K.L.:
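What follows is a structure written as structure tokens; I'll ask about it next.
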4 protein chains.
Amino acid sequence: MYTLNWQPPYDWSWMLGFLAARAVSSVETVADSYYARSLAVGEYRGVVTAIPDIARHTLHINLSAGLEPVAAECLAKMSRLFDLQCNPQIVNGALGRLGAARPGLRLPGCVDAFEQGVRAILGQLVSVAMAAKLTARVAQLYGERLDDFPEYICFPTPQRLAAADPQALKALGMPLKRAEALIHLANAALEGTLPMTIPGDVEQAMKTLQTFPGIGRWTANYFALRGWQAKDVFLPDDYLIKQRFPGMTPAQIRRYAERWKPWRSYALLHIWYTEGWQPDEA
Amino acid sequence: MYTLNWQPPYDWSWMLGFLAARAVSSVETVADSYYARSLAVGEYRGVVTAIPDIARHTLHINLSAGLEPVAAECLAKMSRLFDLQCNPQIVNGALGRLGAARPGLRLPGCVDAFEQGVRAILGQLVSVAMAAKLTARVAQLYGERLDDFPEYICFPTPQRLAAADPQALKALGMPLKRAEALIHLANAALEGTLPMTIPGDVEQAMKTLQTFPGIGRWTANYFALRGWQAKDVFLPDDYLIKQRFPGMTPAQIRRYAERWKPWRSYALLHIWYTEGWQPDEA
Amino acid sequence: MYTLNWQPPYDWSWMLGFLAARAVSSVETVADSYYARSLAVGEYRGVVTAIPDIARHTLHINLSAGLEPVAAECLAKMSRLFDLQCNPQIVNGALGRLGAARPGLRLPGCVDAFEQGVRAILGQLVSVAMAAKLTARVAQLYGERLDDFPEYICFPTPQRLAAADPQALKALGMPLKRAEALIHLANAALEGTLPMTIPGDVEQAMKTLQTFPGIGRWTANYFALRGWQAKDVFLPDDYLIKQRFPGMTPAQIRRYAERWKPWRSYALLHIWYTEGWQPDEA
Amino acid sequence: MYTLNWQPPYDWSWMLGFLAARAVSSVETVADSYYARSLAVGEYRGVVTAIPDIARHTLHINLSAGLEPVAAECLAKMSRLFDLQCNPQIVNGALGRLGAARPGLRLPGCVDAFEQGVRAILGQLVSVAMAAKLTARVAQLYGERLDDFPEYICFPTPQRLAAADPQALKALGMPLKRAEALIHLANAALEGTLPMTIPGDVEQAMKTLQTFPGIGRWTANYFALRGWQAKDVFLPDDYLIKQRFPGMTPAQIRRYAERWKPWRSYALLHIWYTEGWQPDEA
DNA sequence: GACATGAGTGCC
DNA sequence: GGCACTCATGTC
DNA sequence: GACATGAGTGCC
DNA sequence: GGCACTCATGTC
């Protein structure tokens with residue numbers, strides 16, 4: 001139905017693949033030709049379906065009737081999720097070799113910063129697939145079901161998780177401390193304290209984010225990257241990253257990662273996805 | 001040449017008129033058959049042109065070239081400014097009598113919460129046309145002029161205004177105390193402490209805004225109404241409002257306005273644009 | 001055994017009566033010729049007996065053996081509770097007629113500021129007799145009993161009240177907010193945030209007490225008067241004072257008392273103990 | 001004149017030797033048989049003279065005419081300075097061997113925590129002798145001179161030092177962050193943020209102190225020790241202490257010192273004044 | 001991974 | 001020796 | 001209009 | 001009494 005453009009190349013298999021691995025049961029659905037999920041904008045609700053058209057560099061978005069009144073916001077959320085704004089020539093041009101193997105690489109964003117915040121936290125310490133298992137359990141218990149599409153369930157809203165029993169969340173498969181962080185975040189989201197759009201000063205906003213309980217430097221960075229689509233942040237504390245930089249302290253990796261400014265976020269993604277990458281033999 | 005839907009009726013004449021009076025020179029151009037303004041998103045800049053099509057109950061939005069990369073967010077911005085989500089059959093079905101005369105009334109949004117924040121402050125105490133000309137100067141001294149449409153100019157950014165010298169601002173025609181108010185608001189916007197989208201607890205978010213320097217209840221209320229497009233706020237402290245409720249105190253006015261929950265914002269716009277309106281014997 | 005002298009005239013009859021009305025059963029014992037109570041100074045505990053000998057305008061202080069290692073501190077405390085430093089000539093000289101009927105008048109201090117802090121809070125709203133009873137129940141439940149004096153009991157320490165159960169204090173016959181106030185005051189004392197000795201800037205100091213939950217202007221002022229024995233404070237908010245200045249509001253009363261500076265604390269006492277008094281309608 | 005008791009043994013030779021090296025000209029005089037200094041208790045000023053009487057196991061205190069109205073408070077100040085409360089049999093029971101060589105060791109206190117805070121600061125990173133002359137310059141440049149005893153000047157009040165030029169101080173012979181410290185400390189005192197008497201929670205109170213500009217863990221510790229006469233603190237960050245524990249780290253010292261709870265303050269003194277002392281190699 | 005403890009650098 | 005910046009530990 | 005004092009009013 | 005909320009009043 002609705003259509004948005006993008007500049008080539010765009011590696012849709014990598015992107016769908018990436019989203020598929022972290023997908024949450026009942027919320028999202030990923031296949032090789034499309035992406036689709038439940039979506040709430042205020043108290044408007046429905047299902048969004050995105051279908052890329054490689055041929056014409058266009059992404060077709062479809063909205064169930066419930067979302068129509070806020071169609072444009074729905075489109076905006078989709079474009080931030082798929083990084084339709086990226087100009088590969090600028091990025092791949094600046095990263096040289098690091099990006100030559102997958103010039104179609106994009107930054108997987110989110111559809112709602114609060115959700116991404118809940119997602120980032122649950123992803124602490126555990127595996128990617130394990131966090132999806134956990135997020136699925138949290139959603140199942142606190143998310144609203146779509147009347148028009150019982151198969152789908154909306155990601156738990158800020159007000160619901162805000163009014164949730166720490167013990168209940170703990171019971172889902174996380175420490176008390178973790179669940180306390182989720183509830184805290186929900187309140188910031190209610191009060192309008194959790195930036196939902198990227199702030200002008202990402203570094204400062206991340207420092208503030210770090211005062212939040214349960215949110216350390218890793219979480220604030222990952223969240224800035226996915227939740228704000230901040231394009232210049234590296235994850236020197238990441239698990240996989242520590243392995244791509246065999247025997248290197250976080251500050252070292254961060255110093256090294258500086259050669260990729262102002263697109264560190266993209267360099268990070270290329271490293272995560274370059275099987276045998278290794279720092280320059282210099 | 002993008003396009004969005006709206007539900008009838010829609011009083012464009014009224015809307016364009018409201019924006020027309022407040023149009024800030026070089027930034028926005030308002031006419032009978034279209035609206036157009038400079039628009040910044042991150043660092044993509046261009047000019048937006050909105051042309052209503054009463055025939056097809058549709059709104060045609062056209063973006064220049066420096067905005068196409070982020071088209072979707074631009075579209076979301078116009079849909080918030082023009083209240084496209086509004087179901088008039090629902091609001092009037094609730095307001096009843098009060099809104100029967102101008103059923104096509106809509107809530108004039110904003111394209112960015114920071115800007116709206118600046119306009120709110122720069123509109124304290126002074127007349128409308130005044131605030132416009134003043135605001136136009138600020139945009140003149142801090143605006144990012146377009147290299148594709150030099151005629152137009154972007155609205156100041158939080159950082160371009162957070163690094164502004166008060167005196168220089170005051171010199172434009174405003175007390176110091178207020179010039180400071182901007183600078184502050186600018187910082188808050190920089191570190192993501194100024195909700196850019198409507199928060200869950202609109203009352204709370206307003207209380208927090210009231211701590212800010214130069215921001216009082218009237219400013220917060222008005223900011224929520226236009227900056228967040230909050231639908232259920234009334235402005236009992238407003239100049240014109242006090243006259244519409246002769247002799248009543250803020251609390252009385254507020255007590256009365258409770259008869260229009262949850263659309264007090266629409267109630268307010270109808271009462272505002274109804275010379276000679278008066279409260280009942282209730 | 002120990003002796004401390006004073007300046008004639010000293011109205012012991014009045015001093016003992018005042019303290020008599022507010023005596024806390026099991027903590028203090030007030031007779032017509034002597035005063036005595038439990039006393040703790042760190043881990044040093046015992047009983048204190050003060051016998052005033054008018055003949056030789058001297059005060060005789062006896063100390064149980066448990067307090068002997070800290071005799072001086074016990075002595076300084078008795079001297080703060082009995083205002084032995086007062087120079088009746090100077091005060092009565094700067095007060096004139098107001099302090100004619102009872103020139104032996106002294107400012108009733110305290111033996112511990114945290115205690116006086118608890119008294120001030122419990123003294124809120126209820127009558128002197130109720131405060132006394134109320135305070136008595138708190139003592140009975142949290143106080144330390146003296147092994148050599150089973151009839152006596154030490155006033156509750158911050159360590160105990162800080163750990164108290166809000167509901168337990170409530171059960172003693174006090175609003176929850178009052179018990180929470182007590183628990184917060186105790187935590188401050190433990191932390192060192194409660195000025196236990198008069199600060200150089202009483203105004204700043206009180207304004208800082210008023211941020212404490214449960215403590216308002218009245219309590220702060222009254223705490224300063226008794227707990228710091230500050231000599232220049234009035235209680236324009238006092239009940240009995242409001243009746244001594246019919247029709248006048250706090251500020252009016254406060255503008256009137258400026259005449260008596262810098263001994264407003266004394267003035268306050270006299271106007272308090274002269275049922276007839278009434279201002280000089282300017 | 002006045003007499004205070006003390007339990008034997010009491011090493012007066014040492015105590016006076018301690019205070020004598022740190023004596024501040026014009027403020028205090030120290031001799032083989034007595035100690036004396038200016039003293040301000042509110043608006044009362046004078047000279048205090050302390051003369052130990054080994055025969056009677058007693059301390060004789062003499063007050064100049066201006067301190068009589070607040071004699072007991074003066075006596076209490078002297079008791080905290082000379083640690084008359086100490087029961088050497090208890091402290092030496094615990095300490096065991098460590099203090100076997102000087103069973104009469106006492107904790108040199110202070111007569112005012114503020115002064116002690118100032119002293120603690122001015123004595124940072126310098127020599128005992130230097131701090132004395134440095135402090136004296138400050139005393140002179142901002143003190144109160146006694147009319148009845150011209151060669152004596154009362155230590156600077158919080159007010160005076162609060163309103164001191166942050167350069168006139170650097171002048172006397174100290175850095176800038178050095179005069180910042182004093183000036184901050186002084187304001188703290190004016191308002192009541194600096195505990196003037198030992199807090200129920202020493203650790204917590206010290207933490208807060210460490211937030212003070214210029215006040216680090218060493219200062220906070222030493223301040224607890226002398227300004228509050230806390231008896232169970234230790235100074236692992238002290239220069240000389242490190243040498244007494246060759247090599248060892250500030251947490252291993254702490255770990256080893258734990259064996260002297262709850263009299264670490266005494267243990268500290270013995271270790272300081274026992275040169276060839278070295279920990280158990282065990 | 002978040003968070004408090006501890007260390008050792010290293011500069012005014 | 002106050003004070004900002006890291007790393008290395010060790011439960012949760 | 002924001003913002004201090006500053007009283008009143010109504011519940012804890 | 002504490003305290004949040006409410007209605008002047010005066011200033012910039």
Side-chain angles (χ1 to χ4, degrees), chain A residues 120-126 131 174-178 180-181 210 212-222 235 237-239 249-252 254, chain B residues 120-121 123-126 175-178 180-181 207 210 212-220 222 236-239 248-252 254, chain C residues 120-126 175-178 180-181 210 212-222 237-239 248-252 254, chain D residues 121 123-126 175-178 180-181 210-222 235-239 242 249-252 254-255:
Chain A
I121 285 167
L122 298 177
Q124 289 165 184
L125 203 57
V126 308
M174 65 182 106
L176 186 67
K177 284 292 190 176
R178 202 88 72 199
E180 257 147 50
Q210 290 188 53
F212 276 37
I215 304 184
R217 191 170 57 221
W218 179 77
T219 306
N221 286 181
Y222 187 58
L235 268 35
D237 296 301
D238 182 80
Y239 185 62
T249 64
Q252 297 187 296
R254 174 57 78 170
Chain B
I121 294 163
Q124 298 168 45
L125 207 57
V126 309
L176 175 83
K177 286 290 191 175
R178 190 149 65 206
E180 305 183 312
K207 179 178 179 176
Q210 294 184 60
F212 284 44
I215 297 175
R217 187 166 52 171
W218 183 85
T219 310
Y222 189 65
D237 304 294
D238 183 72
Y239 179 48
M248 291 189 188
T249 60
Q252 288 173 290
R254 175 164 292 175
Chain C
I121 291 174
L122 294 173
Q124 291 170 172
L125 192 62
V126 301
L176 180 71
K177 295 297 186 179
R178 188 101 74 239
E180 284 171 353
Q210 287 182 62
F212 283 39
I215 294 173
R217 185 164 59 204
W218 184 81
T219 307
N221 280 168
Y222 188 62
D237 290 292
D238 190 63
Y239 188 55
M248 281 174 270
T249 61
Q252 301 189 292
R254 197 194 87 223
Chain D
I121 288 174
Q124 300 185 195
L125 198 54
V126 288
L176 195 59
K177 293 193 174 182
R178 183 70 66 198
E180 298 277 311
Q210 295 189 57
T211 70
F212 280 51
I215 299 186
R217 203 172 73 171
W218 179 84
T219 301
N221 267 173
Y222 185 61
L235 278 64
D237 296 304
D238 174 86
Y239 170 56
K242 291 181 181 301
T249 57
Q252 290 186 294
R254 204 146 188 64
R255 194 79 51 55

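Throughout, protein chains are lettered first and strands after them, A, B, ... in sequence-line order, and every chain is numbered starting at 1.
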K.L.:
With the side chain of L125(C) defined as its heavy atoms from C-beta on, choose the nearest nucleotide among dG1(H), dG1(G), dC7(H).
P.N.:
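For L125(C), the side-chain atoms sit closest to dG1(H).
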K.L.:
Quick check on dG6(G): is either OP1 or OP2 less than 4.0 Å from any side-chain nitrogen or oxygen of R254(C)?
P.N.:
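Yes, within the criterion.
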K.L.:
Just the rounded figure in Å: distance from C1' of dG2(H) to CD of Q210(C).
P.N.:
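Rounded to whole Å, this separation is 10 Å.
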K.L.:
Which whole-number value in Å describes the distance from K242(D) NZ to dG8(E) P?
P.N.:
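So the NZ-P distance, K242(D) to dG8(E), works out to 10 Å.
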K.L.:
Heavy atoms only, 4.0 Å cut-off, all strands: where does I121(C) land among base, sugar-phosphate and nothing?
P.N.:
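If one applies the 4.0 Å heavy-atom cut-off, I121(C) turns out to touch nothing in the nucleic acid.
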K.L.:
From the options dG2(F), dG8(G), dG6(E), select the nucleotide whose nearest atom is closest to the side chain of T249(C).
P.N.:
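Comparing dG2(F), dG8(G), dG6(E) against the side chain of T249(C), the answer is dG8(G).
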K.L.:
Can you measure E180(C) atom CD to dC12(G) atom P for me and round it to whole angstrom units?
P.N.:
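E180(C) atom CD is separated from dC12(G) atom P by 15 Å.
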K.L.:
Mind telling me whether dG1(F) is syn or anti, cutoff 90° either side of 0?
P.N.:
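Syn, which is what one calls it when the glycosidic angle falls within 90° of 0.
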K.L.:
At 4.0 Å (heavy atoms only), tell me whether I215(D) reaches a base, stays on the sugar-phosphate, or touches nothing.
P.N.:
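Since only primed, P, OP1 and OP2 atoms lie under 4.0 Å of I215(D), the category is sugar-phosphate.
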K.L.:
Start with the C-alpha distance between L125(C) and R178(C), add both sets of side-chain angles, then the distance that settles side-chain contact (heavy atoms from CB on, under 4.5 Å), and finish with yes or no.
P.N.:
CA-CA 11 Å; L125(C) 192 62; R178(C) 188 101 74 239; 4.3 Å; yes
K.L.:
Determine the contact category for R178(C): base if any of its heavy atoms lies under 4.0 Å from a base atom, sugar-phosphate if only primed atoms, P, OP1 or OP2 are that close, otherwise nothing.
P.N.:
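No contact.
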K.L.:
If you count every heavy atom of other residues, nucleotides or ligands that lies below 6.0 Å from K177(A) atom NZ, does the total exceed 12?
P.N.:
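No, the 6.0 Å shell around NZ holds no more than 12 heavy atoms from other groups.
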K.L.:
Could you give the distance from CG (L235(A)) to CG (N221(A)), rounded to the nearest 0.5 Å?
P.N.:
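Nearest 0.5 Å value for the CG-CG distance: 5.5 Å.
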K.L.:
Nearest to the side chain of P250(B) - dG2(F), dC7(H), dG6(E)?
P.N.:
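The answer is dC7(H).
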K.L.:
Using the side-chain heavy atoms of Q124(A), tell me which of these nucleotides is nearest: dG6(G), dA2(E), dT6(H).
P.N.:
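Closest nucleotide to the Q124(A) side chain: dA2(E).
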K.L.:
Just the rounded figure in Å: distance from P of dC7(H) to CZ of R217(B).
P.N.:
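Going from CZ in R217(B) over to P in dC7(H) covers 8 Å.
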K.L.:
Given side chains that start at C-beta, do those of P250(D) and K242(D) come closer than 4.5 Å, heavy atoms only?
P.N.:
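With C-beta onward as the side chain, the pair touches.
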K.L.:
Can you tell me the distance, in whole Å, between the CD atom of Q252(A) and the P atom of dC7(F)?
P.N.:
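Between P of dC7(F) and CD of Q252(A): 7 Å.
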K.L.:
Compare the minimum distances between each of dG2(F), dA2(G), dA2(E) and the side chain of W218(D), then state the nucleotide with the smallest one.
P.N.:
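In terms of side-chain proximity for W218(D), the closest of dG2(F), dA2(G), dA2(E) is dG2(F).
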K.L.:
Which is true for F212(D) with a 4.0 Å heavy-atom rule: it touches a base, it touches only sugar-phosphate, or it touches nothing?
P.N.:
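Sugar-phosphate contact only - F212(D) comes under 4.0 Å of backbone atoms but never of a base.
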K.L.:
Would you mind reporting whether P236(B) and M248(B) have side-chain heavy atoms less than 4.5 Å apart?
P.N.:
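Side chain of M248(B) against side chain of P236(B), heavy atoms only: no contact under 4.5 Å found.
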K.L.:
Return the minimal non-hydrogen interatomic distance between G214(A) and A181(A), and the atom names on each side.
P.N.:
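The answer is CA-CB, 3.8 Å.
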K.L.:
Is the CZ atom of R254(A) crowded by more than 12 outside heavy atoms at less than 6.0 Å?
P.N.:
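Above 12, so yes.
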K.L.:
Base, sugar-phosphate alone, or nothing: which one does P175(D) contact when heavy atoms must sit under 4.0 Å apart?
P.N.:
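No contact.
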K.L.:
Would you kindly give the CG-to-P distance between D238(C) and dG2(H), to the nearest whole Å?
P.N.:
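That distance rounds to 11 Å.
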K.L.:
Which heavy atom of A220(B) sits nearest a heavy atom of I215(B), and at what distance?
P.N.:
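The answer is N-CG2, 4.0 Å.
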K.L.:
Could you summarise the pairing of DNA chain G as dot-bracket text, marking Watson-Crick and G-U pairs under 3.5 Å with ( ) or [ ] inside the strand and | across strands?
P.N.:
||||||||||||
K.L.:
Provide, to the nearest angstrom, the distance between the CG atom belonging to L122(A) and the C1' atom belonging to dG1(E).
P.N.:
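After rounding, the reported distance stands at 12 Å.
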K.L.:
Grab the OH-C1' distance between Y239(C) and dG2(H) for me, whole Å please.
P.N.:
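For the pair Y239(C) OH and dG2(H) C1', the rounded distance is 17 Å.
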